[PDB]
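Asker: File query-v4.tsv below, TSV, C-alpha atoms:
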```
chain	number	residue	atom	x	y	z
A	207	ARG	CA	48.78	87.93	89.69
A	208	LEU	CA	52.33	88.83	88.50
A	209	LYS	CA	54.54	91.15	90.64
A	210	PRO	CA	55.75	94.24	88.63
A	211	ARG	CA	58.97	94.00	86.66
A	212	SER	CA	61.52	95.67	88.88
A	213	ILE	CA	64.21	98.12	87.85
A	214	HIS	CA	67.84	98.17	88.90
A	215	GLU	CA	68.68	100.75	91.54
A	216	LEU	CA	71.31	102.32	89.24
A	217	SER	CA	70.47	104.56	86.31
A	218	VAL	CA	71.77	103.75	82.85
A	219	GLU	CA	74.00	106.86	83.01
A	220	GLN	CA	75.26	105.53	86.38
A	221	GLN	CA	75.64	102.00	85.01
A	222	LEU	CA	77.50	103.33	81.96
A	223	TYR	CA	79.65	105.42	84.31
A	224	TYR	CA	80.46	102.30	86.34
A	225	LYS	CA	81.38	100.41	83.17
A	226	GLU	CA	83.63	103.24	81.91
A	227	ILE	CA	85.34	103.71	85.29
A	228	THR	CA	85.98	99.99	85.73
A	229	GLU	CA	87.25	99.59	82.16
A	230	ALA	CA	89.52	102.59	82.69
A	231	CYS	CA	90.75	101.37	86.09
A	232	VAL	CA	92.15	98.13	84.61
A	233	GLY	CA	94.87	100.40	83.27
A	234	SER	CA	95.05	100.04	79.51
A	235	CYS	CA	96.01	103.73	79.27
A	236	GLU	CA	97.61	105.66	82.10
A	237	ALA	CA	95.82	109.01	81.68
A	238	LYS	CA	92.49	107.15	81.62
A	239	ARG	CA	93.44	105.39	84.83
A	240	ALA	CA	94.55	108.59	86.56
A	241	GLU	CA	91.31	110.42	85.74
A	242	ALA	CA	89.22	107.43	86.71
A	243	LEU	CA	91.13	107.30	90.00
A	244	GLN	CA	90.51	111.00	90.64
A	245	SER	CA	86.86	110.46	89.67
A	246	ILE	CA	86.63	107.70	92.29
A	247	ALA	CA	88.49	109.96	94.74
A	248	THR	CA	86.01	112.85	94.52
A	249	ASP	CA	82.62	111.79	93.07
A	250	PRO	CA	80.00	112.75	95.68
A	251	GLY	CA	77.36	110.44	94.22
A	252	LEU	CA	79.57	107.36	94.31
A	253	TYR	CA	77.56	105.94	97.18
A	254	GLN	CA	74.75	103.52	96.13
B	214	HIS	CA	51.21	79.15	86.44
B	215	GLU	CA	49.13	76.13	87.61
B	216	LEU	CA	51.23	72.96	88.24
B	217	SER	CA	50.90	70.33	85.46
B	218	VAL	CA	49.41	66.99	86.63
B	219	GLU	CA	52.91	65.33	86.62
B	220	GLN	CA	54.38	67.85	89.08
B	221	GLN	CA	51.09	68.14	90.97
B	222	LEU	CA	51.33	64.40	91.62
B	223	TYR	CA	55.03	64.75	92.49
B	224	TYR	CA	54.22	67.55	94.95
B	225	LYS	CA	51.46	65.47	96.54
B	226	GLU	CA	53.60	62.34	96.93
B	227	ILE	CA	56.65	64.21	98.21
B	228	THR	CA	54.70	66.26	100.77
B	229	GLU	CA	52.68	63.29	102.02
B	230	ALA	CA	55.86	61.22	102.30
B	231	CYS	CA	57.20	63.69	104.89
B	232	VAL	CA	54.21	63.62	107.26
B	233	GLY	CA	55.20	60.48	109.13
B	234	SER	CA	53.63	57.26	107.92
B	235	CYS	CA	56.99	55.50	107.63
B	236	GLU	CA	60.66	56.47	107.78
B	237	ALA	CA	61.94	54.79	104.59
B	238	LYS	CA	59.59	56.68	102.27
B	239	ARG	CA	60.61	59.85	104.11
B	240	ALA	CA	64.30	59.15	103.53
B	241	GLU	CA	63.69	58.50	99.84
B	242	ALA	CA	61.59	61.68	99.57
B	243	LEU	CA	64.33	63.76	101.19
B	244	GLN	CA	66.91	62.13	98.92
B	245	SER	CA	64.63	63.08	96.03
B	246	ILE	CA	64.36	66.73	97.16
B	247	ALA	CA	68.11	66.94	97.72
B	248	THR	CA	69.16	65.33	94.41
B	249	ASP	CA	66.79	66.23	91.59
B	250	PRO	CA	67.61	68.68	88.76
B	251	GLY	CA	64.26	70.16	87.82
B	252	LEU	CA	62.37	70.97	91.04
B	253	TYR	CA	62.02	74.71	90.23
B	254	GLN	CA	58.38	75.78	89.56
C	24	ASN	CA	93.15	128.21	108.84
C	25	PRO	CA	93.34	130.70	105.95
C	26	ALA	CA	90.58	132.90	107.39
C	27	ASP	CA	92.53	134.47	110.26
C	28	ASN	CA	95.71	134.24	108.17
C	29	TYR	CA	94.31	137.12	106.12
C	30	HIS	CA	94.91	139.39	109.14
C	31	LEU	CA	97.73	137.53	110.90
C	32	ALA	CA	100.00	137.48	107.85
C	33	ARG	CA	100.28	141.27	108.04
C	34	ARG	CA	100.01	141.86	111.78
C	35	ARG	CA	102.70	139.29	112.56
C	36	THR	CA	104.80	141.01	109.90
C	37	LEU	CA	104.42	144.21	111.92
C	38	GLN	CA	105.52	142.23	114.98
C	39	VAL	CA	108.82	141.39	113.27
C	40	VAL	CA	109.15	145.07	112.31
C	41	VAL	CA	108.80	146.30	115.90
C	42	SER	CA	111.09	143.47	117.06
C	43	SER	CA	113.60	144.68	114.46
C	44	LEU	CA	113.17	148.33	115.46
C	45	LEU	CA	113.53	147.69	119.20
C	46	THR	CA	116.80	145.84	118.53
C	47	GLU	CA	118.39	148.66	116.51
C	48	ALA	CA	120.38	150.60	119.15
C	49	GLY	CA	118.29	149.09	121.90
C	50	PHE	CA	116.69	146.10	123.52
C	51	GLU	CA	116.75	142.36	123.56
C	52	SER	CA	114.03	140.21	125.20
C	53	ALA	CA	111.15	142.64	125.55
C	54	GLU	CA	107.97	142.12	127.56
C	55	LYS	CA	105.16	140.49	125.60
C	56	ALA	CA	102.48	143.10	126.30
C	57	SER	CA	104.94	145.85	125.30
C	58	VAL	CA	105.35	144.35	121.82
C	59	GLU	CA	101.63	144.00	121.08
C	60	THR	CA	101.25	147.55	122.38
C	61	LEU	CA	103.86	149.00	120.01
C	62	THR	CA	102.70	147.03	116.97
C	63	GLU	CA	99.17	148.28	117.65
C	64	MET	CA	100.47	151.85	117.57
C	65	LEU	CA	102.26	150.96	114.33
C	66	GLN	CA	99.16	149.62	112.58
C	67	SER	CA	97.13	152.59	113.85
C	68	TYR	CA	99.81	154.92	112.45
C	69	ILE	CA	99.83	153.47	108.92
C	70	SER	CA	96.02	153.47	108.97
C	71	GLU	CA	96.00	157.16	109.99
C	72	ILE	CA	98.20	158.39	107.14
C	73	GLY	CA	95.95	156.24	104.96
C	74	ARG	CA	92.77	157.99	106.04
C	75	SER	CA	94.17	161.51	106.33
C	76	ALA	CA	96.28	161.78	103.17
C	77	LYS	CA	93.32	160.40	101.23
C	78	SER	CA	91.19	163.08	102.90
C	79	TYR	CA	93.64	165.86	102.05
C	80	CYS	CA	93.88	164.90	98.38
C	81	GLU	CA	90.13	164.34	97.94
C	82	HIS	CA	89.54	167.75	99.51
C	83	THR	CA	91.57	169.08	96.56
C	84	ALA	CA	89.34	167.09	94.13
C	85	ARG	CA	91.99	164.41	93.43
C	86	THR	CA	91.94	160.64	93.88
C	87	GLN	CA	95.54	159.57	94.43
C	88	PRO	CA	97.82	161.42	96.86
C	89	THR	CA	101.05	163.16	95.88
C	90	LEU	CA	104.01	164.10	98.06
C	91	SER	CA	102.44	167.45	98.98
C	92	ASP	CA	99.46	165.65	100.55
C	93	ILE	CA	101.60	163.54	102.91
C	94	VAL	CA	103.94	166.33	104.01
C	95	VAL	CA	100.80	168.15	105.12
C	96	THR	CA	99.40	164.92	106.63
C	97	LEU	CA	102.56	164.30	108.64
C	98	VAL	CA	102.63	167.95	109.75
C	99	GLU	CA	99.10	167.54	111.12
C	100	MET	CA	100.37	164.55	113.15
C	101	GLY	CA	103.43	166.42	114.43
C	102	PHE	CA	106.24	164.54	112.71
C	103	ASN	CA	109.00	167.07	111.77
C	104	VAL	CA	109.44	165.56	108.29
C	105	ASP	CA	112.95	167.01	107.73
C	106	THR	CA	114.52	164.44	110.10
C	107	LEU	CA	113.41	161.57	107.80
C	108	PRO	CA	116.26	161.71	105.19
C	109	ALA	CA	118.71	161.15	108.06
C	110	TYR	CA	116.71	158.22	109.46
C	111	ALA	CA	116.53	156.43	106.10
C	112	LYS	CA	120.34	156.31	105.70
C	113	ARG	CA	121.13	154.37	108.86
C	114	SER	CA	123.81	151.67	108.90
C	115	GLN	CA	121.56	149.76	111.36
C	116	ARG	CA	118.67	149.90	108.81
C	117	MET	CA	117.15	146.41	108.31
C	118	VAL	CA	114.56	144.87	105.91
C	119	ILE	CA	111.78	142.59	107.31
C	120	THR	CA	110.63	139.96	104.73
C	121	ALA	CA	107.02	139.98	103.41
C	122	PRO	CA	104.69	137.07	104.49
C	123	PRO	CA	104.45	133.74	102.52
C	124	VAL	CA	101.59	132.89	100.05
C	125	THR	CA	98.98	130.18	100.95
C	126	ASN	CA	98.58	128.96	97.33
C	127	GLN	CA	102.20	127.73	96.87
C	128	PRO	CA	101.11	125.03	94.28
C	129	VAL	CA	98.89	127.57	92.35
C	130	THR	CA	97.69	124.88	89.84
C	131	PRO	CA	97.83	121.38	91.49
C	132	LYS	CA	94.40	120.03	90.41
C	133	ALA	CA	94.10	117.38	87.63
C	134	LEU	CA	90.28	118.05	87.83
C	135	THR	CA	87.31	115.85	86.77
C	136	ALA	CA	86.28	116.32	83.10
C	137	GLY	CA	82.59	115.43	82.58
C	138	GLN	CA	80.27	116.95	79.92
C	139	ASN	CA	76.57	116.12	79.34
C	140	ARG	CA	73.38	118.17	78.56
C	141	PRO	CA	73.05	121.57	76.73
C	142	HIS	CA	71.29	124.85	77.59
C	143	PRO	CA	67.62	125.84	77.25
C	144	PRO	CA	67.18	129.15	75.38
C	145	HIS	CA	66.57	131.16	78.57
C	146	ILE	CA	70.14	130.37	79.69
C	147	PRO	CA	72.92	132.00	77.60
C	148	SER	CA	76.14	130.24	76.70
C	149	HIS	CA	78.32	132.08	79.24
C	150	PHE	CA	76.67	130.46	82.24
C	151	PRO	CA	78.27	127.19	83.44
C	152	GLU	CA	77.41	124.00	81.61
C	153	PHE	CA	74.81	121.60	82.92
C	154	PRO	CA	76.55	118.81	84.87
C	155	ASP	CA	76.73	115.04	84.14
C	156	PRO	CA	73.82	112.48	84.13
C	157	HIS	CA	74.59	110.84	87.54
C	158	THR	CA	73.94	114.21	89.25
C	159	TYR	CA	70.17	114.15	88.45
C	160	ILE	CA	69.22	111.57	85.73
C	161	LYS	CA	67.26	108.37	86.65
C	162	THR	CA	65.84	105.65	84.28
C	163	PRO	CA	64.32	102.40	85.75
C	164	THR	CA	66.00	99.38	83.91
C	165	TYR	CA	64.59	95.81	83.66
C	166	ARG	CA	65.95	92.28	83.36
C	167	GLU	CA	66.78	90.77	79.96
C	168	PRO	CA	63.66	88.96	78.67
C	169	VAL	CA	64.09	85.68	76.78
C	170	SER	CA	61.36	85.79	74.12
C	171	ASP	CA	62.79	83.18	71.78
C	172	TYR	CA	60.59	80.35	70.54
C	173	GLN	CA	63.53	77.95	70.11
C	174	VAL	CA	64.85	78.24	73.65
C	175	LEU	CA	61.31	78.28	75.10
C	176	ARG	CA	60.51	75.02	73.29
C	177	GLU	CA	63.82	73.61	74.55
C	178	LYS	CA	63.15	74.72	78.15
C	179	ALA	CA	59.59	73.33	78.26
C	180	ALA	CA	60.68	70.09	76.58
C	181	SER	CA	63.64	69.46	78.88
C	182	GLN	CA	61.66	70.35	82.01
C	183	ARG	CA	58.84	67.97	81.01
C	184	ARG	CA	61.32	65.17	80.23
C	185	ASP	CA	63.17	65.70	83.52
C	186	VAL	CA	60.05	65.77	85.67
C	187	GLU	CA	58.64	62.65	84.03
C	188	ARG	CA	61.98	60.86	84.42
C	189	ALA	CA	62.15	61.85	88.10
C	190	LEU	CA	58.55	60.73	88.64
C	191	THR	CA	59.02	57.34	86.99
C	192	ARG	CA	62.30	56.62	88.79
C	193	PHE	CA	60.70	57.55	92.13
C	194	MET	CA	57.70	55.32	91.46
C	195	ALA	CA	59.82	52.41	90.28
C	196	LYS	CA	62.13	52.66	93.30
C	197	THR	CA	59.33	52.74	95.92
C	198	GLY	CA	57.37	49.77	94.62
C	199	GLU	CA	57.60	46.42	92.93
C	200	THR	CA	60.02	46.61	90.03
C	201	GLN	CA	60.95	44.63	86.94
C	202	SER	CA	64.14	44.70	84.85
C	203	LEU	CA	64.46	43.63	81.18
C	204	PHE	CA	68.05	42.53	82.02
C	205	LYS	CA	69.62	41.00	85.18
C	206	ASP	CA	69.44	42.69	88.63
C	207	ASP	CA	69.00	46.10	87.02
C	208	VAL	CA	67.32	48.57	89.35
C	209	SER	CA	69.60	51.63	89.14
C	210	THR	CA	69.54	51.86	85.34
C	211	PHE	CA	66.19	51.50	83.50
C	212	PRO	CA	63.84	50.53	86.35
C	213	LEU	CA	60.40	49.37	85.24
C	214	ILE	CA	57.29	49.76	87.37
C	215	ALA	CA	55.95	46.24	87.75
C	216	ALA	CA	52.65	45.17	86.15
C	217	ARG	CA	49.59	45.43	88.45
C	218	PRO	CA	46.50	43.31	87.46
C	219	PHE	CA	43.85	45.86	88.59
C	220	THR	CA	40.20	45.35	89.64
C	221	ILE	CA	39.16	48.07	87.11
C	222	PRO	CA	40.29	46.79	83.62
C	223	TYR	CA	38.35	48.41	80.75
C	224	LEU	CA	37.76	51.19	83.27
C	225	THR	CA	41.42	52.17	83.34
C	226	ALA	CA	41.85	51.54	79.62
C	227	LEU	CA	38.89	53.13	77.84
C	228	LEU	CA	38.01	56.00	80.14
C	229	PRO	CA	39.47	59.47	79.49
C	230	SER	CA	41.29	61.09	82.37
C	231	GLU	CA	41.48	64.73	81.20
C	232	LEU	CA	38.07	66.06	80.18
D	463	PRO	CA	74.88	98.98	78.50
D	464	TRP	CA	71.56	97.94	76.84
D	465	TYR	CA	70.86	95.53	79.77
D	466	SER	CA	72.29	95.15	83.33
D	467	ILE	CA	75.22	92.65	83.66
D	468	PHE	CA	74.05	92.09	87.29
D	469	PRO	CA	70.67	90.22	87.53
D	470	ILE	CA	67.77	92.30	88.98
D	471	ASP	CA	67.80	91.24	92.67
D	472	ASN	CA	64.69	90.12	94.59
D	473	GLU	CA	63.13	93.50	95.58
D	474	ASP	CA	61.28	91.79	98.44
D	475	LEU	CA	64.53	90.33	99.93
D	476	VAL	CA	66.56	93.47	99.22
D	477	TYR	CA	63.85	95.91	100.42
D	478	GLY	CA	60.91	94.23	102.24
D	479	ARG	CA	60.82	93.62	105.99
D	480	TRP	CA	60.45	89.84	105.84
D	481	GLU	CA	61.59	89.98	109.51
D	482	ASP	CA	57.91	90.86	110.17
D	483	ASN	CA	56.86	87.32	109.16
D	484	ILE	CA	59.04	85.72	111.91
D	485	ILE	CA	56.70	84.34	114.66
D	486	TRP	CA	58.56	85.13	117.94
D	487	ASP	CA	55.70	84.05	120.28
D	488	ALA	CA	52.85	81.85	119.00
D	489	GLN	CA	50.27	83.00	121.63
D	490	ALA	CA	51.28	86.70	121.90
D	491	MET	CA	51.99	87.40	118.19
D	492	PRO	CA	51.97	91.22	117.60
D	493	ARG	CA	50.71	91.37	113.96
D	494	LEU	CA	47.66	89.34	112.79
D	495	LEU	CA	48.93	87.32	109.76
D	496	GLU	CA	46.81	86.61	106.62
D	497	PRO	CA	46.74	83.79	103.99
D	498	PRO	CA	49.24	84.53	101.17
D	499	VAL	CA	48.16	84.30	97.47
D	500	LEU	CA	50.60	82.84	94.87
D	501	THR	CA	52.12	85.80	92.93
D	502	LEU	CA	54.17	83.98	90.21
D	503	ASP	CA	56.91	86.66	89.81
D	504	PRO	CA	57.81	86.88	86.05
D	505	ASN	CA	61.24	88.54	86.72
D	506	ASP	CA	62.61	85.03	87.45
D	507	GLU	CA	63.75	83.12	84.34
D	508	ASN	CA	63.14	79.31	84.18
D	509	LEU	CA	59.40	80.06	84.56
D	510	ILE	CA	57.61	79.74	81.17
D	511	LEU	CA	55.22	82.63	82.06
```
Could you rewrite the structure in this file as structure tokens?

Answerer:
Amino acid sequence: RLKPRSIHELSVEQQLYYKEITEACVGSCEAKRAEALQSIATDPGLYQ
Amino acid sequence: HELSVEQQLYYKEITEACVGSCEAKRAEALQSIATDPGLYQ
Amino acid sequence: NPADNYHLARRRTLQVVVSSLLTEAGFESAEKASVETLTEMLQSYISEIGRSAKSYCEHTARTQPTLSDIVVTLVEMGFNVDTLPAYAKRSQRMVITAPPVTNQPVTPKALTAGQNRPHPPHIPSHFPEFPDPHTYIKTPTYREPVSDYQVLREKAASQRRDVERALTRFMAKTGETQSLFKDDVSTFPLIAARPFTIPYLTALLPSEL
Amino acid sequence: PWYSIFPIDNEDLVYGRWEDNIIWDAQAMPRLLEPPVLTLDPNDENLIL
């Protein structure tokens, strides 16, 4: 008996979004930071 | 999935060393469990 | 609250107008109920030339009222219109400022720019675009599988070597031990020989069958 | 991201109510417990199969 291969609780669009927002929030470019900061400030689905 | 005879024997000796026949074999079994590298599986 | 400010921006402008008209050759420090009375008669007066001069022009098949529709509207309210050029040229005449605008910034939003997805052919292009993936897109995801024969051979080999080393060190430490060299129990311990009572039986017989 | 950079967590620990296997009173135990079969989860690496 093998338990089923589980899936991460984030989608790959959500995981890609997390990667883009974190790589923008380390501030290589300032306009990228500022949008990523506004995206953090008003994304409704940023829970989970 | 099934334990190979090596680790089946290791499981048997380590579990029966911690049932209470003597204290020295128990201390060496607990010092085996605490300080071995490959006890996964 | 911008909901009641739709009405209170223009009714509290009419309160400054009555407060500016009761000061011109007149009062200071009026009663409170006497100001909300007079600014209620002022709003009801502008709303009555609104409804009646529109009615007098639309009776004459027109849509916007001229001067001849208001000088008949004010006659039907008993105004004596001829005294109005003398009232307009006062030296006490004052101007009350218009109310402020809620959207002072006008355009203060950086916004959030996200585009994904197109339109199915029953939705034309002028409807808003479909939103991003996080809003409604879910795919399961799994852990990275290591199907490599080299690292699987290495893992099985090292685990077998480590478990047999652990087993032989445990059995040499908890029994009689030998040492090829001098007083050597920590490094290279040998399980001591045991003359058994089952010789050929432990040699020749197979154990896995 | 082809694969997650965070290892898939134990779904049983993260989600299951393992608290229901705690035995608060031996005599008066609310849920009758059953023998557990070995399940050999393959999500864990370091296991050949």

Asker: Show me the residues close to (60.3, 66.1, 97.4) - anything with an atom within 9 Å, counting all atoms listed in the file - and format the list as a PyMOL selection string.

Answerer: chain B and resi 223-228+230-231+241-247+249+252

Asker: How big is the axis-aligned box, and where does its centre sit, when it encloses all atoms of stretch 167-171 of chain C listed in the file and has 4 Å added on every side, reported in Å to one decimal as lines of an AutoDock Vina configuration file?

Answerer:
```
center_x = 64.1
center_y = 87.0
center_z = 75.9
size_x = 13.4
size_y = 15.6
size_z = 16.2
```

Asker: Within 8 Å of chain A, which residues belong to chain D? Use all atoms listed in the file and report them as a list in words.

Answerer: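 Listing them in order of chain and number gives residues 463, 466, 470, 471, 473, 500, 501, 502, 503, 504 and 505 of chain D.
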
Asker: Output C-alpha atoms for every residue in that selection, as a short mmCIF file (atom, residue, chain, number, x, y, z; two decimals), in the coordinates of the input.

Answerer:
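What ended up in selection_14.cif:
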```cif
data_model
loop_
_atom_site.label_atom_id
_atom_site.label_comp_id
_atom_site.auth_asym_id
_atom_site.auth_seq_id
_atom_site.Cartn_x
_atom_site.Cartn_y
_atom_site.Cartn_z
CA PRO D 463 74.88 98.98 78.50
CA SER D 466 72.29 95.15 83.33
CA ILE D 470 67.77 92.30 88.98
CA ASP D 471 67.80 91.24 92.67
CA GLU D 473 63.13 93.50 95.58
CA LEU D 500 50.60 82.84 94.87
CA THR D 501 52.12 85.80 92.93
CA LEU D 502 54.17 83.98 90.21
CA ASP D 503 56.91 86.66 89.81
CA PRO D 504 57.81 86.88 86.05
CA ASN D 505 61.24 88.54 86.72
#
```

Asker: Rounded to one decimal in Å, what is the spacing between atom CA of residue C:217 and atom CA of residue C:198?

Answerer: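 Separating atom CA of residue C:217 from atom CA of residue C:198 is a distance of 10.8 Å.
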
Asker: Restricting the calculation to all atoms listed in the file: of B:234, B:214, B:248, B:219, which residue gets closest to chain C?

Answerer: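 That would be B:219, the residue with the smallest distance to chain C.
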
Asker: To one decimal in Å, tell me the separation between atom CA of residue C:90 and atom CA of residue C:112.

Answerer: 19.6 Å

Asker: With all atoms listed in the file considered, list every residue of chain B at most 10 Å from chain D, as a compact mmCIF listing (two decimals) with C-alpha atoms, in the coordinates of the input.

Answerer:
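Final file, part-v1.txt:
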```txt
# COMPACT_ATOMS: atom_id res chain seq x y z
CA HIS B 214 51.21 79.15 86.44
CA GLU B 215 49.13 76.13 87.61
CA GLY B 251 64.26 70.16 87.82
CA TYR B 253 62.02 74.71 90.23
CA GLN B 254 58.38 75.78 89.56
```

Asker: What does the structure give for the distance between atom CA of residue C:162 and atom CA of residue C:135, in Å to one decimal?

Answerer: 23.9 Å

Asker: Using all atoms listed in the file, find each residue in chain C having at least one atom no more than 7 Å away from chain A; report its shortest atom-to-atom pair and that distance in Å (one decimal), rows by chain then rising number, as a tab-separated table.

Answerer:
```
residue	atom	partner	partner_atom	distance
C:135	CA	A:245	CA	6.1
C:156	CA	A:219	CA	5.7
C:157	CA	A:220	CA	5.5
C:161	CA	A:217	CA	5.0
C:162	CA	A:217	CA	5.2
C:163	CA	A:213	CA	4.8
C:164	CA	A:213	CA	4.5
C:165	CA	A:213	CA	4.8
```

Asker: Please return, as a PDB file with C-alpha atoms, in the frame of the given file, all residues of chain C lying within 10 Å of chain B when all atoms listed in the file are considered.

Answerer:
```pdb
ATOM      1  CA  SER C 181      63.640  69.460  78.880  1.00  0.00           C
ATOM      2  CA  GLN C 182      61.660  70.350  82.010  1.00  0.00           C
ATOM      3  CA  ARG C 183      58.840  67.970  81.010  1.00  0.00           C
ATOM      4  CA  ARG C 184      61.320  65.170  80.230  1.00  0.00           C
ATOM      5  CA  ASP C 185      63.170  65.700  83.520  1.00  0.00           C
ATOM      6  CA  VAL C 186      60.050  65.770  85.670  1.00  0.00           C
ATOM      7  CA  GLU C 187      58.640  62.650  84.030  1.00  0.00           C
ATOM      8  CA  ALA C 189      62.150  61.850  88.100  1.00  0.00           C
ATOM      9  CA  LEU C 190      58.550  60.730  88.640  1.00  0.00           C
ATOM     10  CA  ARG C 192      62.300  56.620  88.790  1.00  0.00           C
ATOM     11  CA  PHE C 193      60.700  57.550  92.130  1.00  0.00           C
ATOM     12  CA  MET C 194      57.700  55.320  91.460  1.00  0.00           C
ATOM     13  CA  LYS C 196      62.130  52.660  93.300  1.00  0.00           C
ATOM     14  CA  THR C 197      59.330  52.740  95.920  1.00  0.00           C
ATOM     15  CA  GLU C 231      41.480  64.730  81.200  1.00  0.00           C
TER      16      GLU C 231
END
```
